[PDB]
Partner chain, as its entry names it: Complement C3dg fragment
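As a starting point, one isolated chain is supplied in structure tokens, in the form deposited without the partner chain.
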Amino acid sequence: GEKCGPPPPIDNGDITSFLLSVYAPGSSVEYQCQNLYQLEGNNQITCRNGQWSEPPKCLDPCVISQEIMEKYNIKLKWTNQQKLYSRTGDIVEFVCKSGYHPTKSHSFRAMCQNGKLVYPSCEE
């Protein structure tokens, strides 16, 4: 028919209004992501001829790894400020641990991307 059923769920997010079982044609609902998750795509969906348009995605934060930093002889540039969780799109800055020198492996200015963070490394 013309009316829609409940809007689809999204991982780590939800709609901003109270869930109904049935929606009028032309109805719109919007999504919000969980604390630390980042909305990607149009946050709004619309009911047209009994079907919802495509919902957005929620991009994962990165967890800063003490073990990976220890492995690669690096440390945070700002140890006093760094939160355990980094939102997608945030930049994490590293430096060498004392008595270590940078390798040409990866940038020391790393961007968090959907749970993935590329760590630089230092040697000797």
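Only the largest set of C-alpha atoms that superpose within 1.5 Å between the two forms is called the rigid core. Residue numbers count along the first chain shown, from 1.
Although it is not shown, the form deposited with the partner chain bound is what the next lines describe.
Tell me whether 19, 32 and 35, taken together, all sit within 4.5 Å of the partner chain in the entry with it bound, counting heavy atoms only.
Judged in the entry with it bound, 19, 32 and 35 all sit within 4.5 Å of the partner chain.
Item to complete: Find the only residue in 97, 48, 83, 71 having a heavy atom within 4.5 Å of the partner chain in the entry with it bound.
Response: Selected option: 83.
May I ask you to check whether residue 91 falls inside a 4.5 Å heavy atom distance of the partner chain in the entry with it bound?
No, no contact at 4.5 Å.
Partner contact for residue 12 in the entry with it bound: the partner chain, 4.5 angstroms, heavy atom: Looking in the entry with it bound, residue contacts with the partner chain include residue 12, since a heavy atom lies within 4.5 Å.
Taking the partner chain as it sits in the entry with it bound, is residue 61 in contact with it (heavy atom to heavy atom, 4.5 Å or less)? The answer is yes: residue 61 has a heavy atom within 4.5 Å of the partner chain.
- Take the rigid core as the frame of reference and indicate whether the C-alpha of residue 103 shifts by 2 Å or more between the shown form and the other one. Residue 103: C-alpha displaced by 2 Å or more between the shown form and the other one.
Please say whether, between the shown form and the other one, the C-alpha of residue 31 moves by 2 Å or more once the core is aligned. Comparing the forms between the shown form and the other one, which are aligned on their rigid core, residue 31 does not shift its C-alpha by 2 Å or more.
2 Å or more on the CA of residue 73 between the shown form and the other one, with the rigid core superposed, yes or no?
It does, since the residue 73 C-alpha is displaced 2 Å or more between the shown form and the other one after the core fit.
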